[PDB]
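Input: a single structure, listed below in C-alpha cells.
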Amino acid sequence: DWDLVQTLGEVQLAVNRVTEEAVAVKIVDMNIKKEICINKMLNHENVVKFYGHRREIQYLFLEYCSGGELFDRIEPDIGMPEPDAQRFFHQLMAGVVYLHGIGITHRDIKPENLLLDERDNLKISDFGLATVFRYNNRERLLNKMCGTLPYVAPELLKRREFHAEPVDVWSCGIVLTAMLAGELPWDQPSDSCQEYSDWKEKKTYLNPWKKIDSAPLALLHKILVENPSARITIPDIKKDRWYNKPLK
Ligand SMILES: NC[C@H]1CN(c2ncnc3[nH]cc(-c4cccc(CO)c4)c23)CCO1
C-alpha cells in the first residue's frame with residue numbers, strides 16, 4: 001500500500017505505508033506499451049530504475065531521485081564548478097554507454113531528463129521517446145525527428161536517415177556546454193542560426209565558448225562536429241584529455 005505524498009512534476013512521490021520506501025509513480029491517461037518494454041530492459045546505476053506497472057489508468061513505478069533534475073544545478077549564465085560538471089559528464093557517459101550497449105537510444109538527452117539521487121548520482125530519465133536502434137547485432141537507421149531543438153544534432157534537420165548513436169553524443173555535448181557556461185549555444189543547429197554559423201567558423205571568442213576552459217572546449221570541438229560520421233565517438237571521448245584530467 002502506497003500513499004501519494006506530493007506531485008513531483010504527471011509524476012507523484014509515493015511512500016510505502018509499511019517500509020516508508022519512496023518511489024516515483026508516473027500516471028498516464030489512455031505509445032505506453034513501448035516505454036514499459038524498454039524500461040523493463042534497463043538495469044544500471046546511472047539509469048532510472050523501473051520497478052513495475054499496474055493497469056486500470058496506467059501506472060509506472062520508478063526510482064525516486066530526491067536530488068531533482070540537473071537543470072536546477074545549473075546557474076544561468078554561469079554553469080557550475082568544472083569538477084562538478086566533469087563528474088556529472090562521467091556519469092552521463094556511463095549511462096549512455098550502457099544504453100547504446102543494449103541497443104537503446106534515449107533520443108531526448110537534456111538536463112531536464114537527467115536526475116540526481118541523494119548522493120548527487122546522475123540518472124538518465126524518461127524513455128517515452130527512446131527506441132531500439134540495434135537488434136540481433138543489426139543496426140537500424142533512424143528517420144523520425146525526436147528530441148528538443150537546442151539539443152538535437154544537425155543531421156536530424158538535414159538528412160532523411162541517420163545513425164542513432166552520434167545523435168545522443170551530440171546532445172550530451174550540449175548538456176556539457178550548458179553545465180560549463182549556464183547557457184545553450186543555439187535555438188537549433190541550422191545554418192539559419194547565427195550562433196551555429198559562428199561556432200562552425202570557430203568564433204570561440206564569443207559566448208558561450210568564451211566562458212569555457214580550453215581543455216573542456218577542445219572536447220566540445222570534437223563532439224559538436226556537424227558531420228555525424230566525423231563526430232567523436234564515446235570510446236574516444238573516454239580517451240579525451242579533459243575527460244581524464246584530475247579535478248577538485
Ligand atoms: N520537473 C520535475 C520532474 C521530477 N521528476 C522526478 N523527480 C524525482 N524523482 C523521479 N523519479 C522519476 C522521475 C521522472 C519520471 C518520469 C519523467 C521524468 C522527467 O524526466 C522524471 C522523477 C518527475 C517529473 O518531473
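Every chain in the C-alpha cells takes a letter, A first, then B, and so on in the order presented; its residues are numbered from 1, and the ligands are numbered from 1 following the presented order.
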(request) Using only C-alpha atoms and all ligand atoms, determine which residues fall within 9 Å of ligand 1, then list them as an MDAnalysis selection string. (result) chainID A and resid 7:13 23:26 48:49 60:69 110:117 123:128
(message) Give me, as a PyMOL selection string, all polymer residues having an atom no more than 6 Å from segment 217-228 of chain A, counting only C-alpha atoms and skipping those fewer than 3 positions away in the same chain.
(response) chain A and resi 166+170+173+212-214+231-232
(request) Go through A:97, A:78, A:145, A:164 and flag the residue nearest residue 207 of chain A, using only C-alpha atoms for the distances. (result) A:78
(request) Mind listing the helix (DSSP H, G or I) residues of segment 7-127 of chain A, per DSSP on the backbone, as a ChimeraX atom specification? (result) /A:32-41,70-73,82-101,111-113
Limited to N, CA and C atoms, could you put the picked residues into a file as a CSV table (one decimal), in the first residue's frame?
```
chain,number,residue,atom,x,y,z
A,32,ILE,N,2.4,3.8,-24.8
A,32,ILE,CA,2.9,3.5,-23.4
A,32,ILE,C,3.5,2.1,-23.4
A,33,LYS,N,3.0,1.2,-24.2
A,33,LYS,CA,3.5,-0.2,-24.2
A,33,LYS,C,5.0,-0.3,-24.5
A,34,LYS,N,5.5,0.6,-25.4
A,34,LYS,CA,6.9,0.6,-25.8
A,34,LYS,C,7.8,1.1,-24.6
A,35,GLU,N,7.3,2.2,-24.0
A,35,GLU,CA,8.1,2.7,-22.9
A,35,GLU,C,8.3,1.7,-21.8
A,36,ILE,N,7.3,0.9,-21.5
A,36,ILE,CA,7.3,-0.1,-20.4
A,36,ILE,C,8.3,-1.2,-20.9
A,37,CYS,N,8.2,-1.7,-22.1
A,37,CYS,CA,9.1,-2.7,-22.6
A,37,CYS,C,10.5,-2.3,-22.5
A,38,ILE,N,10.8,-1.1,-23.0
A,38,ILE,CA,12.2,-0.6,-22.9
A,38,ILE,C,12.6,-0.5,-21.4
A,39,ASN,N,11.8,0.1,-20.6
A,39,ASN,CA,12.1,0.2,-19.2
A,39,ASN,C,12.5,-1.1,-18.5
A,40,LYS,N,11.8,-2.2,-18.9
A,40,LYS,CA,12.0,-3.5,-18.4
A,40,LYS,C,13.4,-4.0,-18.7
A,41,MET,N,14.0,-3.5,-19.8
A,41,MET,CA,15.3,-3.9,-20.2
A,41,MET,C,16.4,-3.2,-19.3
A,70,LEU,N,19.2,17.8,-13.0
A,70,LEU,CA,20.4,18.5,-13.3
A,70,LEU,C,20.2,20.0,-13.6
A,71,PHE,N,19.1,20.2,-14.3
A,71,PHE,CA,18.7,21.5,-14.8
A,71,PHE,C,18.9,22.6,-13.7
A,72,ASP,N,18.4,22.2,-12.5
A,72,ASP,CA,18.4,23.1,-11.3
A,72,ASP,C,19.8,23.3,-10.6
A,73,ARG,N,20.8,22.5,-11.1
A,73,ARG,CA,22.1,22.6,-10.5
A,73,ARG,C,22.9,23.6,-11.4
A,82,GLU,N,33.6,23.4,-12.6
A,82,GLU,CA,34.1,22.5,-13.6
A,82,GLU,C,34.3,21.0,-13.1
A,83,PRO,N,34.8,20.8,-11.9
A,83,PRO,CA,34.9,19.5,-11.3
A,83,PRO,C,33.5,18.8,-11.2
A,84,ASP,N,32.5,19.5,-10.8
A,84,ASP,CA,31.1,19.0,-10.7
A,84,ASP,C,30.6,18.6,-12.1
A,85,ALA,N,30.8,19.5,-13.1
A,85,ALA,CA,30.5,19.2,-14.5
A,85,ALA,C,31.2,17.9,-15.0
A,86,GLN,N,32.4,17.8,-14.7
A,86,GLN,CA,33.2,16.6,-15.2
A,86,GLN,C,32.6,15.3,-14.6
A,87,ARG,N,32.4,15.3,-13.3
A,87,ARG,CA,31.8,14.2,-12.6
A,87,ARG,C,30.5,13.8,-13.2
A,88,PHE,N,29.6,14.8,-13.4
A,88,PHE,CA,28.3,14.5,-14.0
A,88,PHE,C,28.4,14.0,-15.4
A,89,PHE,N,29.3,14.6,-16.2
A,89,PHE,CA,29.6,14.1,-17.5
A,89,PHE,C,30.1,12.7,-17.6
A,90,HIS,N,31.0,12.3,-16.6
A,90,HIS,CA,31.5,11.0,-16.5
A,90,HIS,C,30.3,10.0,-16.3
A,91,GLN,N,29.3,10.4,-15.4
A,91,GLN,CA,28.2,9.5,-15.1
A,91,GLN,C,27.2,9.5,-16.3
A,92,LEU,N,27.0,10.6,-16.9
A,92,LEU,CA,26.2,10.6,-18.2
A,92,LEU,C,26.8,9.6,-19.2
A,93,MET,N,28.1,9.7,-19.4
A,93,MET,CA,28.7,8.8,-20.4
A,93,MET,C,28.5,7.3,-20.0
A,94,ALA,N,28.7,7.0,-18.7
A,94,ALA,CA,28.4,5.7,-18.2
A,94,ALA,C,27.0,5.2,-18.5
A,95,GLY,N,26.0,6.1,-18.3
A,95,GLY,CA,24.6,5.7,-18.6
A,95,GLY,C,24.4,5.5,-20.1
A,96,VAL,N,24.9,6.5,-20.9
A,96,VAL,CA,24.7,6.4,-22.3
A,96,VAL,C,25.5,5.2,-23.0
A,97,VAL,N,26.7,4.9,-22.5
A,97,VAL,CA,27.4,3.7,-23.0
A,97,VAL,C,26.5,2.4,-22.7
A,98,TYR,N,25.9,2.4,-21.5
A,98,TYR,CA,25.1,1.3,-21.1
A,98,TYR,C,23.9,1.1,-22.1
A,99,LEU,N,23.2,2.2,-22.3
A,99,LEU,CA,22.0,2.2,-23.2
A,99,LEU,C,22.4,1.8,-24.6
A,100,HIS,N,23.4,2.4,-25.2
A,100,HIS,CA,23.9,2.0,-26.5
A,100,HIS,C,24.3,0.6,-26.6
A,101,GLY,N,24.9,0.1,-25.5
A,101,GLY,CA,25.3,-1.3,-25.4
A,101,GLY,C,24.2,-2.3,-25.5
A,111,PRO,N,19.2,18.4,-19.6
A,111,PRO,CA,19.3,18.4,-18.1
A,111,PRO,C,17.9,18.2,-17.4
A,112,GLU,N,16.8,18.4,-18.1
A,112,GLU,CA,15.5,18.2,-17.5
A,112,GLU,C,15.3,16.6,-17.4
A,113,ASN,N,16.0,15.9,-18.2
A,113,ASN,CA,15.9,14.4,-18.2
A,113,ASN,C,17.1,13.7,-17.5
```
